[PDB]
Asks: 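Quick one: this structure, given as structure tokens, is what I'll be asking you about.
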Amino acid sequence: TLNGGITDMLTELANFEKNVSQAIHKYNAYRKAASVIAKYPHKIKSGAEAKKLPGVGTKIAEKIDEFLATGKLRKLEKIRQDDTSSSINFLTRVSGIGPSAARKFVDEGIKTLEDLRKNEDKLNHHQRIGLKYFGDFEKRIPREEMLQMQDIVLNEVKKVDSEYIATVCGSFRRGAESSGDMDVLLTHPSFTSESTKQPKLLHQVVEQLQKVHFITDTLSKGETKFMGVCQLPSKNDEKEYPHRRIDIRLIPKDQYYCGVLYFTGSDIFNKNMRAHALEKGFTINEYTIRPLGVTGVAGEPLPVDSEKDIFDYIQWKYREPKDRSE
DNA sequence: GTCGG
DNA sequence: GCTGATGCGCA
DNA sequence: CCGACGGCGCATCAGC
Ligand SMILES: [Cl-]
Ligand SMILES: [Cl-]
Ligand SMILES: [Mg+2]
Ligand SMILES: [Mg+2]
Ligand SMILES: [Mg+2]
Ligand code: NA
Ligand code: NA
């Protein structure tokens, strides 16, 4: 990988600011730099060169200078050698333990995995499930399994009502060889911006996936978003597949393109597209693209008939999902 | 941390 | 209950 | 040279 050194460096630092320093802005700042640099088609040979790129500033350039000179960064070596920092960072890897909780747990001497398993009682349900499948959630999902999981989900959706449409989004939709989790966008005719008089559209689908033992646990669940756990069925005498995170998001059918755009990501792409829409005087969310009022407030949703249409409004060359990755 | 008001 | 803030998610 | 930075769903707690 071309500038992997640098981008691993910046990505490790971002994680440090988010998880340990709880500096969310520095987090984004490192993330922005890392994306632009990873996109940069020449091997970077100095800090000054990188500083031309948007979102690289003086300090990231010093850091690139150091790393190019020595193959490491001292700041990161300090961080790597601080048990406290390192235990904080590590707890955030549990699903449902973010920066606050991680920090609190460490402040009362919960520093290891063994410690968490001995204090289940201190964990809410989400954290308790995060911990239970901690090792499973660390693994990636090969595309060939994602294809099995998709087949399973679309099959059951169809079974509940053939008018549902389910679309596997995220990295999968971008053509990744492996995904972190499974992201499913859901639409039904009876759910539109103009209204829902029909009850339990998401519920019916979650219930049916539990009925067939695909969904095994629920992290959080509302009327439009489900966050939970699933598992492919294994064969006799072969060890089980790991459990996997699954997110299902019910979007109004008439807002499908904004939704699919949102759920396809990547998260950096989304944030840069939304940032760009603003420079052009629009605001994009998963539901709509709207123009900006001078008073700050957003006006009315513009009509969209394709993903392509959203890019057009902000005057971007359409980018296929595979080119929305990092 | 960066870029821009 | 509510509104709002915060925490932890998602892309 | 301080001070915004995409946007939002769900869970939970504070102060009504
Ligand atoms: Cl749309
Ligand atoms: Cl909206
Ligand atoms: Mg992700
Ligand atoms: Mg995903
Ligand atoms: Mg996901
Ligand atoms: Na720059
Ligand atoms: Na976490």
Side-chain angles (χ1 to χ4, degrees), chain A residues 10 13-14 16-19 21-36 50-64 75 91-104 123-130 137 167-174 176 179-185 202 218-228 245-251 255 258-280 282-290 292 296 298 307 310 314 321 324-326:
Chain A
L10 295 168
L13 287 174
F16 173 76
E17 296 286 347
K18 175 168 141 285
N19 293 332
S21 327
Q22 319 191 3
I24 194 62
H25 299 296
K26 291 187 184 176
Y27 162 79
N28 295 319
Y30 282 117
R31 283 268 260 150
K32 182 161 187 210
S35 78
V36 57
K51 187 153 152 44
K52 287 153 195 182
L53 301 168
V56 184
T58 303
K59 286 196 191 138
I60 288 174
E62 268 150 22
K63 288 174 171 69
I64 292 148
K75 182 172 164 95
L91 292 176
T92 72
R93 295 167 75 178
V94 186
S95 184
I97 300 182
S100 315
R103 176 45 138 104
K104 180 166 165 301
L123 309 183
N124 68 41
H125 180 68
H126 187 160
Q127 295 160 340
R128 202 165 300 191
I129 302 285
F137 290 175
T167 306
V168 177
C169 299
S171 49
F172 174 84
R173 195 162 169 267
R174 301 198 301 274
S179 310
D181 68 334
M182 168 167 272
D183 303 300
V184 181
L185 180 54
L202 179 51
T218 301
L219 299 175
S220 77
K221 179 174 161 170
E223 296 193 11
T224 58
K225 178 156 77 62
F226 174 82
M227 214 201 280
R245 280 276 295 102
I246 181 169
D247 296 318
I248 311 172
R249 190 69 203 268
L250 178 74
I251 291 290
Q255 302 183 317
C258 284
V260 75
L261 185 52
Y262 149 73
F263 223 22
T264 297
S266 58
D267 59 355
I268 42 134
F269 171 85
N270 277 1
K271 198 229 212 208
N272 295 306
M273 182 159 184
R274 293 176 178 203
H276 179 65
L278 285 170
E279 179 167 34
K280 298 281 181 154
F282 313 95
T283 181
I284 307 176
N285 62 10
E286 66 261 55
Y287 305 117
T288 51
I289 177 169
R290 296 172 298 183
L292 294 180
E307 267 161 293
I310 302 161
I314 64 173
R324 298 177 202 165
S325 294
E326 206 181 329

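For the numbers below, each heavy atom of this structure counts, side chains included, while hydrogens, waters and symmetry mates do not. So you know, we letter chains A, B, ... as the sequences are listed, proteins then strands, and number each from 1.
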Asks: Answer with base, sugar-phosphate or nothing: what part of the nucleic acid does A:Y30 contact at a heavy-atom distance below 4.0 Å?
Replies: sugar-phosphate
Asks: Please report the distance separating the P of D:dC5 from the corresponding atom of C:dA11, rounded so that it comes out in whole Å.
Replies: 24 Å
Asks: Looking at the side chain of A:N285, which of D:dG9, C:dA11, D:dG7 is the nearest nucleotide?
Replies: D:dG7
Asks: May I ask you to verify if any side-chain N or O of A:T224 is less than 4.0 angstrom from the OP1 or OP2 atom of D:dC10?
Replies: yes
Asks: With sugar-phosphate meaning primed atoms plus P, OP1 and OP2, does A:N270 contact a base, only sugar-phosphate, or nothing at under 4.0 Å between heavy atoms?
Replies: base
Asks: Taking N7, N6, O6, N4 and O4 as major-groove atoms and purine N3, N2 and pyrimidine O2 as minor-groove atoms, which groove is under 5.0 Å from the side chain of A:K225?
Replies: minor
Asks: Can you tell me the distance, in whole Å, between the CE atom of A:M182 and the P atom of C:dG9?
Replies: 21 Å
Asks: With sugar-phosphate meaning primed atoms plus P, OP1 and OP2, does A:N272 contact a base, only sugar-phosphate, or nothing at under 4.0 Å between heavy atoms?
Replies: nothing
Asks: Across the strands shown, which category fits A:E17 at heavy-atom distances under 4.0 angstrom: base, sugar-phosphate, nothing?
Replies: nothing
Asks: Expressed as a whole number of angstroms, how long is the span from A:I24:CD1 to C:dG7:P?
Replies: 12 Å
Asks: What contact category does A:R173 fall into here, base, sugar-phosphate, or nothing, at under 4.0 angstrom with non-hydrogen atoms?
Replies: nothing
Asks: Between atom NZ in A:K104 and atom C1' in C:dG7, what is the gap in whole Å?
Replies: 13 Å
Asks: Which of these nucleotides, C:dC10, D:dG6, D:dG9, is closest to any side-chain atom of A:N28?
Replies: D:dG6
Asks: Rounded to the nearest Å, what distance is computed from the CZ atom of residue A:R31 to the P atom of nucleotide C:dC10?
Replies: 12 Å
Asks: Heavy atoms only, 4.0 Å cut-off, all strands: where does A:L219 land among base, sugar-phosphate and nothing?
Replies: nothing
Asks: When all nucleic acid strands are considered with a 4.0 Å heavy-atom cut-off, which category describes A:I284: base, sugar-phosphate, or nothing?
Replies: sugar-phosphate
Asks: Of the options D:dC8, C:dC10, D:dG6, whose atoms approach the side-chain atoms of A:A275 most closely?
Replies: D:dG6
Asks: Positive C1'-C2'-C3'-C4' means north, negative means south, so call it for the sugar of C:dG1.
Replies: north
Asks: Any non-hydrogen side-chain atom of A:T288 less than 4.5 Å from a side-chain atom of A:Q255?
Replies: yes
Asks: Between D:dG7, C:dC8, D:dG9, which nucleotide has the shortest distance from any of its atoms to the side chain of A:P99?
Replies: C:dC8
Asks: Just N and O in the side chain of A:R245: are any of them under 4.0 Å from OP1 or OP2 of C:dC10?
Replies: yes
Asks: Rounded off to whole Å, could you give me the CD1-to-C1' distance for the A:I310 and D:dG6 pair?
Replies: 14 Å
Asks: Of all residues at least two apart in sequence or in a different chain, which pass the side chain to side chain donor-acceptor pair (under 3.5 Å) check with A:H25?
Replies: none
Asks: How is A:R174 classified with respect to the nucleic acid when contacts are heavy atoms under 4.0 Å: base, sugar-phosphate, or nothing?
Replies: sugar-phosphate
Asks: Need one value for A:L261: base, sugar-phosphate or nothing, where a base atom within 4.0 Å counts as base even if backbone is also close, heavy atoms only.
Replies: nothing
Asks: Side-chain contact, heavy-atom cut-off 4.5 Å: A:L292 with A:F282?
Replies: no
Asks: Would you say the side chains of A:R324 and A:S266 form a donor-acceptor pair under 3.5 Å?
Replies: no
Asks: D:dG7 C1' sits how many Å from A:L278 CG, rounded?
Replies: 10 Å
Asks: Could you tell me how far apart A:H126 (NE2) and C:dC8 (P) are, to the nearest whole angstrom?
Replies: 10 Å
Asks: What's the spacing between A:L278 CG and A:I284 CD1 if we round to 0.5 Å?
Replies: 8.5 Å
Asks: Does atom CZ of A:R103 have more than 12 heavy-atom neighbours from other groups under 6.0 Å away?
Replies: no
Asks: With a 3.5 Å distance limit and no angle check, can you tell me whether A:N19 reaches the backbone of A:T92 through a side-chain donor-acceptor pair?
Replies: no
Asks: Where the side chain of A:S220 is concerned, which of D:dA11, D:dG7, D:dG6 is the nearest nucleotide?
Replies: D:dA11
Asks: With a strict under 4.0 Å distance from non-hydrogen atoms of chain A, what nucleotide opens and what nucleotide closes the contacted stretch of DNA chain B, reading 5' to 3'?
Replies: B:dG1 to B:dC3
Asks: Would you mind classifying the nucleic acid contact of A:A23 as base, sugar-phosphate or nothing, using non-hydrogen atoms under 4.0 angstrom?
Replies: nothing
Asks: Please report the distance separating the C1' of D:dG6 from the corresponding atom of C:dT3, rounded so that it comes out in whole Å.
Replies: 24 Å
Asks: We want to know whether A:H126 and A:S220 form a side-chain donor-acceptor pair, criterion being a heavy-atom distance below 3.5 angstrom.
Replies: no
Asks: Pick the closest DNA chain D nucleotide for A:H125 and for A:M227 by heavy atoms, then say which residue is nearer the 5' end.
Replies: A:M227
Asks: A:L250 has an atom CG; how far is it from atom P of C:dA11, in whole Å?
Replies: 18 Å
Asks: Is it the case that A:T283 and A:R290 place a side-chain donor and acceptor less than 3.5 Å from each other?
Replies: no
Asks: Using a distance-only criterion (donor-acceptor N/O pair, under 3.5 Å, no hydrogens), is the base of D:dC8 paired with the side chain of A:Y287?
Replies: no
Asks: How is A:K221 classified with respect to the nucleic acid when contacts are heavy atoms under 4.0 Å: base, sugar-phosphate, or nothing?
Replies: sugar-phosphate
Asks: Just checking A:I60: base, sugar-phosphate only, or nothing, at a heavy-atom cut-off of under 4.0 Å?
Replies: sugar-phosphate
Asks: Touch check for A:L53, heavy atoms < 4.0 angstrom, all strands: base, sugar-phosphate only, or nothing?
Replies: sugar-phosphate
Asks: Could you check whether any side-chain heavy atom of A:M182 comes within less than 4.5 Å of a side-chain heavy atom of A:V168, counting everything from C-beta outward?
Replies: yes
Asks: Need one value for A:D183: base, sugar-phosphate or nothing, where a base atom within 4.0 Å counts as base even if backbone is also close, heavy atoms only.
Replies: sugar-phosphate
Asks: On DNA chain D, nearest-nucleotide positions of A:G222 versus A:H25: which is more 5'?
Replies: A:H25
Asks: When rounded to the nearest Å, what value does the distance between P atoms of C:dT6 and D:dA4 take?
Replies: 16 Å
